[PDB]
Amino acid sequence: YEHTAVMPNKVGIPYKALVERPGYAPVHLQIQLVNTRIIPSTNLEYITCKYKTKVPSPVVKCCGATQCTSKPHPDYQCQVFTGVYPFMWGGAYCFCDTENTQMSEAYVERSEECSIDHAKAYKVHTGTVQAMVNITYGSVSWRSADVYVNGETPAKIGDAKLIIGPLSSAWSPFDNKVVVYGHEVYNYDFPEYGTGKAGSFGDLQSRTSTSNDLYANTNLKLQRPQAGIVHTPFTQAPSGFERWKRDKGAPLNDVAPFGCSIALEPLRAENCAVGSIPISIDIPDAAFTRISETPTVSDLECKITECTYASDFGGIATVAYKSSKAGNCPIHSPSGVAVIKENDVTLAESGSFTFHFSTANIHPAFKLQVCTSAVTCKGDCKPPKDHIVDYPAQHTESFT
Amino acid sequence: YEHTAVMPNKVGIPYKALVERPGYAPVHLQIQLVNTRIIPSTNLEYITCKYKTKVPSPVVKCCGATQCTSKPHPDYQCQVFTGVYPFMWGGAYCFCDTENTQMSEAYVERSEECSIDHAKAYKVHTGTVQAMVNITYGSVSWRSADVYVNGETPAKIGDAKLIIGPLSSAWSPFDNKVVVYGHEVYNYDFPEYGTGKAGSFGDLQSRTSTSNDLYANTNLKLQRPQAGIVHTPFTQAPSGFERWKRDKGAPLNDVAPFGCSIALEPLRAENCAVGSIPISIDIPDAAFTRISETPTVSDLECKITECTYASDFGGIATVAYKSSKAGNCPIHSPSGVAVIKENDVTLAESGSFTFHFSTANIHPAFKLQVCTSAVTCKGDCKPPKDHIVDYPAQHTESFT
Amino acid sequence: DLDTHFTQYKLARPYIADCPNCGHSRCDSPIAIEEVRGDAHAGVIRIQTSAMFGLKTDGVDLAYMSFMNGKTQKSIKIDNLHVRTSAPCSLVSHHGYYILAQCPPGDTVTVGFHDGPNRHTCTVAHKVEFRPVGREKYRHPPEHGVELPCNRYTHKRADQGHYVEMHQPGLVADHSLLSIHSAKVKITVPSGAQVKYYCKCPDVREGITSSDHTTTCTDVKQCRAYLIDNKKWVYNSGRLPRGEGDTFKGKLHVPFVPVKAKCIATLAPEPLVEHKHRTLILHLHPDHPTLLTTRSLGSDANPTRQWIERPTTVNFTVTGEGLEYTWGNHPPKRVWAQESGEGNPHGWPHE
Amino acid sequence: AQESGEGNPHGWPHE
């Protein structure tokens with residue numbers, strides 16, 4: 001029945017698989033994965049970003065004790081200081097003769113960089129997660145299907161229902177707690193919400209990028225005004241999204257498990273290249289090519305017509321095909337070690353039809369799964385090589 | 001000294017606990033676990049409420065290529081009907097012989113009751129955990145103060161420094177996803193909001209009372225309007241509201257374990273009669289009554305001259321104490337196993353002096369730890385009847 | 001009041017639509033009942049006629065009745081309407097398409113006044129109860145029992161608490177609209193409206209088609225007399241189909257919202273709640289169905305459920321830490337125990 | 001019917 005693909009997940013490369021179907025004729029795949037997303041039922045705990053000591057304006061009651069009024073930004077460092085004698089033009093702005101108090105207040109406030117090029121924490125749960133694998137079958141058609149956990153939301157994206165395992169993105173490569181810095185996503189703790197203090201990335205907790213309320217301790221320290229005269233000393237130390245960029249965790253857009261990269265995301269895993277994606281689909285007859293084309297492909301033999309030593313597509317091999325009934329026959333190597341560019345290859349009884357492929361060596365004895373019949377296209381060729389070129393079109397690879 | 005006290009989290013019971021100590025005099029408390037608090041983070045997934053087929057007016061295309069189109073407030077149940085040649089005052093407005101169809105459309109739309117007094121679902125996140133704890137004292141008289149149990153304040157609020165929870169009601173006795181409709185709580189699970197399940201709870205799923213997006217099928221099935229004239233039949237199953245007060249499922253304010261009754265709540269089960277909050281207080285030694293400013297009670301005897309007993313408040317027993325010292329004397333049957341009318345009663349040496357208490361007995365042989373030294377304070381007294389009345393004032397029950 | 005929201009009044013005009021069942025061969029009557037709402041539990045029902053009585057569409061008097069006969073109004077007295085449900089209702093106030101009326105509860109609603117060559121009545125189904133919102137359910141209008149919390153209607157007709165679709169109306173037949181273009185049948189407006197059209201014969205019927213009429217059909221009774229009222233947005237009934245080529249915005253409120261407070265209510269005749277020794281003996285004697293149910297208080301749980309709509313002495317074994325007793329949507333009562341049969345020795349004789 | 005229940009496209013009897 002189902003859409004066989006046992007052939008790995010990559011990205012860049014136009015990599016392929018072959019659907020073993022016996023009720024209908026098999027169908028070729030080009031499994032082009034380059035979009036992968038997670039997206040669970042989640043909750044945004046706080047945007048984070050480094051401080052900006054946008055020195056607030058205190059309600060200085062002046063001398064005889066000063067009381068610090070609660071400003072619309074929760075959590076604030078405020079410290080009375082006496083022994084001042086204010087000046088701001090002329091004289092004191094406090095009501096003692098020179099026994100004046102200056103109540104310095106400084107809270108951490110959202111930076112202008114918080115708005116754009118910032119960090120963003122998440123508690124990442126599961127509720128809506130998706131394993132996304134596009135297959136442009138090529139023999140048939142496109143489908144970019146997803147998986148969904150919540151059942152008031154369709155998982156019938158694509159042609160029908162497509163099941164991945166090892167999943168292509170229904171896991172998170174990052175932890176439950178994740179901090180983010182541009183490209184580099186660090187799967188690293190942060191302190192819950194509404195409690196955060198310095199010594200972590202998430203010490204700043206603004207509920208939005210540019211906010212009105214936040215939780216403001218990033219190791220902001222008021223100290224005694226200089227010269228026994230008014231003003232606000234704000235001593236500010238490093239914080240989340242300043243450090244942890246060289247105190248860094250694992251920078252997932254270059255080190256993600258499941259071969260992915262990550263960025264500022266509502267929780268997604270771009271560009272995955274997981275161990276393998278064994279794709280299995282519950283699809284009608286439309287996703288397959290019909291049995292009338294060939295009930296079973298009866299006889300065939302393959303040999304080169306000059307091949308490649310490379311997983312560039314240029315390898316060719318005639319195949320003296322034969323079939324129970326003549327028609328189309330989608331093809332691809334059933335290991336994907338030869339990645340076949342032919343969506344369909346024609347079969348007539350005792351004819352011969354060349355197909356296109358990419359292999360990886362001078363003697364390409366790769367099976368070709370000619371819609372219910374395998375065949376080795378052996379023969380000596382000339383060796384072209386080029387093996388810096390992107391992720392396998394020979395996938396499942398670990399050979400020459 | 002550091003007076004642990006766990007009792008059932010029962011709303012209406014003043015359990016009148018005792019700090020057992022010999023450094024200073026034992027001092028009464030009341031560790032009254034008043035009102036079951038639970039309150040985690042929540043998410044409004046969808047209001048439900050009995051339908052109103054507030055027809056958006058049937059988009060009618062009578063002949064040729066039918067269309068029921070899309071207009072504001074999407075999701076329209078629409079069904080063509082033939083055998084009509086309508087009337088509404090004048091003649092037919094659907095009339096061809098290429099169809100002869102009059103296309104009735106009716107969607108379920110929020111009632112006016114959706115706005116006010118309505119079933120209301122939630123997928124409830126793990127979030128925060130709350131408690132509410134009275135601590136009285138044998139000096140201090142009452143404070144019944146809300147106390148958090150999560151990362152925000154599980155420390156001091158009111159008298160003594162008090163560490164609260166975890167509760168046995170840290171989550172409601174009802175399910176993770178909870179519907180609440182007035183007083184009556186209905187526990188029903190669904191994964192998350194989207195397009196629900198008809199003829200059951202979440203058959204109407206409007207995000208809120210007045211909305212665009214919804215799920216509009218309460219089992220709404222349009223039928224043929226017989227006699228060649230058009231109206232719009234609504235065949236509809238009872239919603240999650242009509243069910244929930246007269247076709248009710250489980251009314252959790254009467255079937256949620258513990259002793260709970262409920263209001264409109266995110267996921268809280270008020271008034272539960274267990275849900276036990278283990279309270280532990282770090283009481284400074286200063287807050288006590290000194291052991292030499294209390295009788296270090298000696299020659300304990302309890303008797304009466306005349307007596308009448310009350311198990312609510314008013315139970316009495318004179319005490320012939322001829323104590324080594326004399327002073328004030330907080331009393332309690334050790335650790336919320338009595339209700340004491342008083343906080344503190346003075347008791348001296350020589351004579352007989354009644355105190356007040358209440359217990360789960362009909363005559364006063366409850367032990368009483370009178371500022372050092374327990375004694376069962378028997379006296380003939382007279383039986384009360386006082387037990388028709390609400391949540392205990394006779395502790396957690398432990399006597400006659 | 002007379003004026004409470006020109007939201008509905010000005011921006012709505014009556015119309016006549018088919019009644020769903022009338023039994024005059026199914027009459028067309030302007031009292032075509034949609035949205036019966038016995039959703040206030042207090043004796044009161046909100047009913048919707050397809051005509052907009054109240055103010056005519058002007059500023060004066062709830063005491064008129066403006067329906068459509070023709071495309072034209074028929075602006076006469078309010079009291080020539082007769083809402084009824086079981087026994088005759090008494091009007092409270094009309095606003096818009098909606099009337100609030102003190103009525104008996106009813107599975108149906110049955111409205112009717114003489115109009116046309118018939119008796120032009122109208123009837124429709126909607127399940128009504130004046131149920132307490134809780135563990136009770138009730139029928140008849142309040143006249144007995146204690147008040148306890150349930151829905152009740154507003155006497156206030158300005159409510160923006162909900163709003164019903166009225167944005168782009170469409171047709172109802174009123175072939176009085178449909179004149180003749182000197183051989184072929186010609187769409188016309190009621191009093192303004194972008195009136196869409198088609199006949200059995202070919203005509204354009206997508207887009208605005210107030211400027212299009214059929215030039216190929218003669219018979220009036222096979223054409224679409226329309227009212228897209230886009231300056232006086234009418235109620236969107238099931239007996240008033242919509243356009244399909246036009247869009248206008250003109251969502252317009254509902255005057256009467258069932259709100260919850262202390263509704264005039266009922267309480268099923270007084271239960272006897274008496275505690276004997278760790279036992280609530282309960283003589284019970286209701287009228288309306290009362291779900292009695294409990295919550296055994298303490299470490300305890302023990303609920304009980306039984307609908308009581310029959311006199312029954314029941315019992316609920318109250319524990320030491322109590323039981324609760326929930327006589328319907330009357331608030332939960334509570335009972336502790338340790339006994340209440342009186343007299344457990346646990347003292348020292350001396351009296 | 002003899003088979004209803006949303007079909008079994010044959011690659012095997014009732015596949």
# chains A, B, ... in the order shown; residues from 1 in each chain; ligands from 1
call {"tool": "residues_around", "arguments": {"residues": "stretch 10-14 of chain D", "least_positions_apart": "4", "cutoff": "10 Å", "atoms": "only C-alpha atoms", "output": "list in words"}}
result
residues 1, 21, 22, 23, 24, 25, 291 and 295 of chain A; 3 of chain D
call {"tool": "write_last_selection", "arguments": {"atoms": "N, CA and C atoms", "output": "mmCIF file, in the first residue's frame"}}
result
data_model
loop_
_atom_site.group_PDB
_atom_site.id
_atom_site.type_symbol
_atom_site.label_atom_id
_atom_site.label_comp_id
_atom_site.auth_asym_id
_atom_site.auth_seq_id
_atom_site.Cartn_x
_atom_site.Cartn_y
_atom_site.Cartn_z
ATOM 1 N N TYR A 1 0.877 -1.191 0.000
ATOM 2 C CA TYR A 1 0.000 0.000 0.000
ATOM 3 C C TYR A 1 0.894 1.213 0.000
ATOM 4 N N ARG A 21 4.480 -0.285 -3.846
ATOM 5 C CA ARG A 21 3.054 -0.441 -3.861
ATOM 6 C C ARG A 21 2.863 -1.673 -4.707
ATOM 7 N N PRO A 22 2.046 -2.664 -4.367
ATOM 8 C CA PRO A 22 1.885 -3.825 -5.231
ATOM 9 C C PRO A 22 0.512 -3.831 -5.851
ATOM 10 N N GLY A 23 -0.490 -3.171 -5.222
ATOM 11 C CA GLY A 23 -1.823 -3.046 -5.755
ATOM 12 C C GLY A 23 -1.887 -2.214 -6.970
ATOM 13 N N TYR A 24 -1.094 -1.132 -6.983
ATOM 14 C CA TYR A 24 -0.908 -0.287 -8.121
ATOM 15 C C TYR A 24 0.562 -0.343 -8.400
ATOM 16 N N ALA A 25 1.001 0.280 -9.514
ATOM 17 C CA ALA A 25 2.396 0.388 -9.860
ATOM 18 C C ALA A 25 3.085 1.300 -8.850
ATOM 19 N N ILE A 291 -2.064 0.159 -11.766
ATOM 20 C CA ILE A 291 -1.641 -1.211 -11.942
ATOM 21 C C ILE A 291 -1.736 -1.608 -13.392
ATOM 22 N N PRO A 295 1.178 -4.782 -14.167
ATOM 23 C CA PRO A 295 0.743 -5.442 -12.952
ATOM 24 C C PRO A 295 1.930 -5.919 -12.175
ATOM 25 N N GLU D 3 -18.710 -5.429 0.753
ATOM 26 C CA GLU D 3 -17.635 -4.658 1.288
ATOM 27 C C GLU D 3 -18.175 -3.279 1.247
#
call {"tool": "residues_around", "arguments": {"residues": "stretch 164-175 of chain B", "least_positions_apart": "2", "cutoff": "8 Å", "atoms": "only C-alpha atoms", "output": "ChimeraX atom specification"}}
result
/B:36-40,129-131,147-149,154-155,162,177-178,186-189,252,256-257,267-269,274-280
call {"tool": "select_by_dssp", "arguments": {"residues": "stretch 8-217 of chain B", "states": "strand (DSSP E or B)", "output": "number ranges by chain"}}
result
B: 10, 18-19, 25, 27-32, 44-47, 51-52, 59, 77-81, 92, 102-106, 109-110, 119-123, 130-137, 144-148, 161-163, 177-181, 184-187, 204-206, 214-216
call {"tool": "write_last_selection", "arguments": {"atoms": "C-alpha atoms", "output": "PDB file, in the first residue's frame"}}
result
ATOM      1  CA  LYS B  10     -11.449  22.817  54.703  1.00  0.00           C
ATOM      2  CA  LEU B  18      -0.970  24.651  69.516  1.00  0.00           C
ATOM      3  CA  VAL B  19       2.746  25.477  69.484  1.00  0.00           C
ATOM      4  CA  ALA B  25       5.002  28.844  77.070  1.00  0.00           C
ATOM      5  CA  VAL B  27       1.015  29.362  72.456  1.00  0.00           C
ATOM      6  CA  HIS B  28      -2.146  28.833  70.572  1.00  0.00           C
ATOM      7  CA  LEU B  29      -2.456  29.327  66.843  1.00  0.00           C
ATOM      8  CA  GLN B  30      -5.300  28.679  64.613  1.00  0.00           C
ATOM      9  CA  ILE B  31      -4.052  26.952  61.560  1.00  0.00           C
ATOM     10  CA  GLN B  32      -7.240  27.204  59.612  1.00  0.00           C
ATOM     11  CA  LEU B  44      -9.663  30.211  27.233  1.00  0.00           C
ATOM     12  CA  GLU B  45     -10.034  27.764  24.388  1.00  0.00           C
ATOM     13  CA  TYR B  46     -13.676  28.251  23.599  1.00  0.00           C
ATOM     14  CA  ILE B  47     -16.927  29.352  25.155  1.00  0.00           C
ATOM     15  CA  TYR B  51     -27.075  27.711  20.351  1.00  0.00           C
ATOM     16  CA  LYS B  52     -29.108  30.339  18.653  1.00  0.00           C
ATOM     17  CA  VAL B  59     -27.013  32.809   0.439  1.00  0.00           C
ATOM     18  CA  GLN B  77     -23.980  24.999   7.216  1.00  0.00           C
ATOM     19  CA  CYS B  78     -25.756  25.257   3.893  1.00  0.00           C
ATOM     20  CA  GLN B  79     -27.967  22.764   2.120  1.00  0.00           C
ATOM     21  CA  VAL B  80     -29.904  23.056  -1.140  1.00  0.00           C
ATOM     22  CA  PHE B  81     -33.552  21.984  -1.114  1.00  0.00           C
ATOM     23  CA  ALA B  92     -41.262  32.367  -6.033  1.00  0.00           C
ATOM     24  CA  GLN B 102     -33.620  27.186  -2.854  1.00  0.00           C
ATOM     25  CA  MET B 103     -30.515  27.111  -0.842  1.00  0.00           C
ATOM     26  CA  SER B 104     -31.075  27.502   2.851  1.00  0.00           C
ATOM     27  CA  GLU B 105     -28.104  28.257   5.063  1.00  0.00           C
ATOM     28  CA  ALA B 106     -28.079  28.350   8.811  1.00  0.00           C
ATOM     29  CA  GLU B 109     -24.127  31.371  16.407  1.00  0.00           C
ATOM     30  CA  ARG B 110     -23.612  32.367  19.961  1.00  0.00           C
ATOM     31  CA  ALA B 119     -20.152  27.149  29.727  1.00  0.00           C
ATOM     32  CA  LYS B 120     -16.515  27.969  29.284  1.00  0.00           C
ATOM     33  CA  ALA B 121     -13.815  25.510  28.410  1.00  0.00           C
ATOM     34  CA  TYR B 122     -10.151  25.799  29.141  1.00  0.00           C
ATOM     35  CA  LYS B 123      -7.049  23.822  28.319  1.00  0.00           C
ATOM     36  CA  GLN B 130      -2.044  28.700  45.582  1.00  0.00           C
ATOM     37  CA  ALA B 131      -3.280  28.203  49.109  1.00  0.00           C
ATOM     38  CA  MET B 132      -5.067  30.267  51.709  1.00  0.00           C
ATOM     39  CA  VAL B 133      -4.083  29.919  55.302  1.00  0.00           C
ATOM     40  CA  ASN B 134      -5.300  31.498  58.484  1.00  0.00           C
ATOM     41  CA  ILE B 135      -2.815  31.739  61.303  1.00  0.00           C
ATOM     42  CA  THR B 136      -4.127  33.069  64.632  1.00  0.00           C
ATOM     43  CA  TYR B 137      -1.939  33.019  67.739  1.00  0.00           C
ATOM     44  CA  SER B 144      -6.751  34.672  56.994  1.00  0.00           C
ATOM     45  CA  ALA B 145      -4.376  35.470  54.191  1.00  0.00           C
ATOM     46  CA  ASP B 146      -3.799  34.154  50.671  1.00  0.00           C
ATOM     47  CA  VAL B 147      -0.401  32.537  50.317  1.00  0.00           C
ATOM     48  CA  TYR B 148       1.336  31.281  47.207  1.00  0.00           C
ATOM     49  CA  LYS B 161       6.959  33.276  58.796  1.00  0.00           C
ATOM     50  CA  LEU B 162       4.984  30.534  57.147  1.00  0.00           C
ATOM     51  CA  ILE B 163       5.864  28.031  54.510  1.00  0.00           C
ATOM     52  CA  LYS B 177      -9.244  20.647  30.725  1.00  0.00           C
ATOM     53  CA  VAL B 178     -12.282  21.898  32.546  1.00  0.00           C
ATOM     54  CA  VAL B 179     -15.565  23.475  31.622  1.00  0.00           C
ATOM     55  CA  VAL B 180     -17.251  25.745  34.107  1.00  0.00           C
ATOM     56  CA  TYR B 181     -20.801  26.972  33.740  1.00  0.00           C
ATOM     57  CA  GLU B 184     -21.557  23.986  38.145  1.00  0.00           C
ATOM     58  CA  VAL B 185     -18.215  22.624  36.924  1.00  0.00           C
ATOM     59  CA  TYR B 186     -18.142  19.991  34.198  1.00  0.00           C
ATOM     60  CA  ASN B 187     -14.894  18.191  33.533  1.00  0.00           C
ATOM     61  CA  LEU B 204     -20.401  24.996  19.701  1.00  0.00           C
ATOM     62  CA  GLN B 205     -16.859  26.285  20.019  1.00  0.00           C
ATOM     63  CA  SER B 206     -16.779  30.010  19.709  1.00  0.00           C
ATOM     64  CA  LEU B 214     -16.115  29.446  15.549  1.00  0.00           C
ATOM     65  CA  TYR B 215     -17.187  25.848  15.107  1.00  0.00           C
ATOM     66  CA  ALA B 216     -20.847  25.993  14.233  1.00  0.00           C
TER      67      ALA B 216
END
call {"tool": "interface_residues", "arguments": {"of": "chain A", "to": "chain B", "cutoff": "10 Å", "atoms": "only C-alpha atoms", "output": "PyMOL selection string"}}
result
chain A and resi 41-43+127-128+149-154+192-195
call {"tool": "write_last_selection", "arguments": {"atoms": "C-alpha atoms", "output": "PDB file, in the first residue's frame"}}
result
ATOM      1  CA  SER A  41       1.060  24.062  21.924  1.00  0.00           C
ATOM      2  CA  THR A  42       3.432  26.360  23.714  1.00  0.00           C
ATOM      3  CA  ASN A  43       3.509  29.463  25.825  1.00  0.00           C
ATOM      4  CA  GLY A 127       0.296  19.762  21.544  1.00  0.00           C
ATOM      5  CA  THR A 128       0.409  20.555  17.851  1.00  0.00           C
ATOM      6  CA  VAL A 149      -1.288  15.920  17.748  1.00  0.00           C
ATOM      7  CA  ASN A 150      -4.377  18.042  18.428  1.00  0.00           C
ATOM      8  CA  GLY A 151      -7.351  16.464  16.716  1.00  0.00           C
ATOM      9  CA  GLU A 152      -9.428  19.579  16.301  1.00  0.00           C
ATOM     10  CA  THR A 153      -6.706  20.494  13.780  1.00  0.00           C
ATOM     11  CA  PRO A 154      -6.284  18.364  10.562  1.00  0.00           C
ATOM     12  CA  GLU A 192      10.466  30.155  34.843  1.00  0.00           C
ATOM     13  CA  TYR A 193       8.673  33.469  34.578  1.00  0.00           C
ATOM     14  CA  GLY A 194       8.237  36.384  36.966  1.00  0.00           C
ATOM     15  CA  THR A 195      11.186  35.564  39.192  1.00  0.00           C
TER      16      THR A 195
END
call {"tool": "atom_distance", "arguments": {"atom1": "atom CA of residue C:247", "atom2": "atom CA of residue B:50"}}
result
28.9 Å
call {"tool": "atom_distance", "arguments": {"atom1": "atom CA of residue A:290", "atom2": "atom CA of residue A:342"}}
result
17.4 Å
call {"tool": "atom_distance", "arguments": {"atom1": "atom CA of residue A:235", "atom2": "atom CA of residue A:53"}}
result
9.1 Å
call {"tool": "residues_around", "arguments": {"residues": "stretch 345-356 of chain A", "least_positions_apart": "4", "cutoff": "10 Å", "atoms": "only C-alpha atoms", "output": "short mmCIF file (atom, residue, chain, number, x, y, z; two decimals) with N, CA and C atoms, in the first residue's frame"}}
result
data_model
loop_
_atom_site.label_atom_id
_atom_site.label_comp_id
_atom_site.auth_asym_id
_atom_site.auth_seq_id
_atom_site.Cartn_x
_atom_site.Cartn_y
_atom_site.Cartn_z
N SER A 139 6.70 11.51 -10.44
CA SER A 139 5.85 10.55 -11.09
C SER A 139 4.40 10.88 -10.93
N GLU A 293 -0.60 -0.01 -15.89
CA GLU A 293 0.68 0.34 -16.46
C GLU A 293 1.59 -0.85 -16.52
N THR A 294 1.51 -1.72 -15.49
CA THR A 294 2.25 -2.94 -15.42
C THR A 294 1.78 -3.59 -14.13
N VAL A 297 6.42 -6.23 -13.17
CA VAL A 297 7.36 -5.86 -14.20
C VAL A 297 8.16 -7.11 -14.36
N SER A 298 8.01 -7.74 -15.54
CA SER A 298 8.38 -9.10 -15.75
C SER A 298 9.55 -9.10 -16.67
N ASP A 299 10.75 -9.43 -16.12
CA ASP A 299 12.04 -9.37 -16.76
C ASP A 299 12.52 -7.95 -16.99
N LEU A 300 13.86 -7.83 -17.14
CA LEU A 300 14.62 -6.62 -17.32
C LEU A 300 16.04 -6.96 -16.98
N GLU A 301 17.00 -6.20 -17.54
CA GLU A 301 18.40 -6.29 -17.19
C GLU A 301 18.92 -4.92 -17.49
N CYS A 302 19.89 -4.44 -16.69
CA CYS A 302 20.41 -3.10 -16.81
C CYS A 302 21.90 -3.16 -16.94
N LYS A 303 22.47 -2.25 -17.76
CA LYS A 303 23.89 -2.07 -17.85
C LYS A 303 24.06 -0.65 -18.27
N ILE A 304 25.14 0.00 -17.78
CA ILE A 304 25.58 1.33 -18.15
C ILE A 304 25.54 1.65 -19.62
N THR A 305 25.50 2.96 -19.90
CA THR A 305 25.71 3.56 -21.18
C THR A 305 26.59 4.75 -20.88
N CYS A 307 28.53 6.09 -16.98
CA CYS A 307 28.00 6.54 -15.72
C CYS A 307 28.90 7.56 -15.10
N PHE A 313 23.99 14.22 -11.16
CA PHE A 313 23.10 13.49 -12.02
C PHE A 313 23.67 13.61 -13.40
N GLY A 314 24.10 12.46 -13.95
CA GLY A 314 24.74 12.41 -15.23
C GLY A 314 24.96 10.98 -15.60
N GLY A 315 24.83 10.05 -14.63
CA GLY A 315 24.97 8.64 -14.86
C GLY A 315 23.80 8.14 -15.65
N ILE A 316 24.05 7.33 -16.71
CA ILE A 316 22.99 6.75 -17.51
C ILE A 316 23.30 5.29 -17.69
N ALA A 317 22.24 4.52 -18.01
CA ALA A 317 22.31 3.09 -18.16
C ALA A 317 21.07 2.73 -18.89
N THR A 318 21.20 2.08 -20.08
CA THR A 318 20.06 1.48 -20.73
C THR A 318 19.60 0.30 -19.92
N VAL A 319 18.30 -0.04 -20.04
CA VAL A 319 17.75 -1.16 -19.32
C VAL A 319 16.88 -1.80 -20.34
N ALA A 320 17.14 -3.09 -20.69
CA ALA A 320 16.27 -3.84 -21.55
C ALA A 320 15.05 -4.28 -20.78
N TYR A 321 14.05 -3.39 -20.62
CA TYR A 321 12.83 -3.61 -19.87
C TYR A 321 11.88 -4.55 -20.54
N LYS A 322 10.98 -5.14 -19.73
CA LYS A 322 9.93 -6.00 -20.18
C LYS A 322 8.94 -5.96 -19.04
N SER A 323 7.65 -6.27 -19.29
CA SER A 323 6.61 -6.06 -18.32
C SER A 323 5.43 -6.94 -18.63
N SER A 324 4.58 -7.22 -17.61
CA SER A 324 3.34 -7.96 -17.74
C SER A 324 2.37 -7.23 -18.64
N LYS A 325 2.30 -5.89 -18.48
CA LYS A 325 1.63 -5.02 -19.41
C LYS A 325 2.56 -3.86 -19.55
N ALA A 326 2.75 -3.38 -20.79
CA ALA A 326 3.54 -2.21 -21.10
C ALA A 326 2.90 -0.95 -20.58
N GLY A 327 3.73 0.03 -20.16
CA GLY A 327 3.26 1.32 -19.71
C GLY A 327 4.38 2.01 -19.02
N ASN A 328 4.04 2.93 -18.08
CA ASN A 328 5.00 3.68 -17.31
C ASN A 328 5.39 2.91 -16.10
N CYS A 329 6.52 3.31 -15.52
CA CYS A 329 7.07 2.58 -14.43
C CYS A 329 7.92 3.53 -13.68
N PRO A 330 7.51 4.11 -12.58
CA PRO A 330 8.41 4.97 -11.84
C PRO A 330 9.58 4.22 -11.27
N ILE A 331 10.75 4.89 -11.20
CA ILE A 331 11.96 4.22 -10.81
C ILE A 331 12.68 5.07 -9.84
N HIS A 332 13.45 4.38 -8.97
CA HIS A 332 14.44 4.96 -8.14
C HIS A 332 15.11 3.80 -7.49
N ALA A 338 21.69 5.46 -5.48
CA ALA A 338 21.68 6.04 -6.78
C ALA A 338 20.42 6.79 -6.64
N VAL A 339 20.45 8.06 -7.04
CA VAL A 339 19.32 8.91 -6.91
C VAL A 339 18.98 9.19 -8.32
N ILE A 340 17.69 9.01 -8.66
CA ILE A 340 17.29 8.80 -10.02
C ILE A 340 16.52 10.03 -10.32
N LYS A 341 16.71 10.60 -11.52
CA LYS A 341 16.07 11.84 -11.87
C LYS A 341 14.85 11.53 -12.69
N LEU A 368 17.68 -0.69 -9.06
CA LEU A 368 16.80 0.29 -9.59
C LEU A 368 15.50 -0.38 -9.42
N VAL A 370 12.27 -0.78 -10.41
CA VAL A 370 11.52 -0.61 -11.61
C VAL A 370 10.21 -1.23 -11.28
N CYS A 371 9.37 -0.39 -10.62
CA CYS A 371 8.00 -0.56 -10.22
C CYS A 371 7.53 -1.99 -10.08
#
call {"tool": "residues_around", "arguments": {"residues": "residue A:87", "least_positions_apart": "5", "cutoff": "9 Å", "atoms": "only C-alpha atoms", "output": "ChimeraX atom specification"}}
result
/A:92-93,229-231
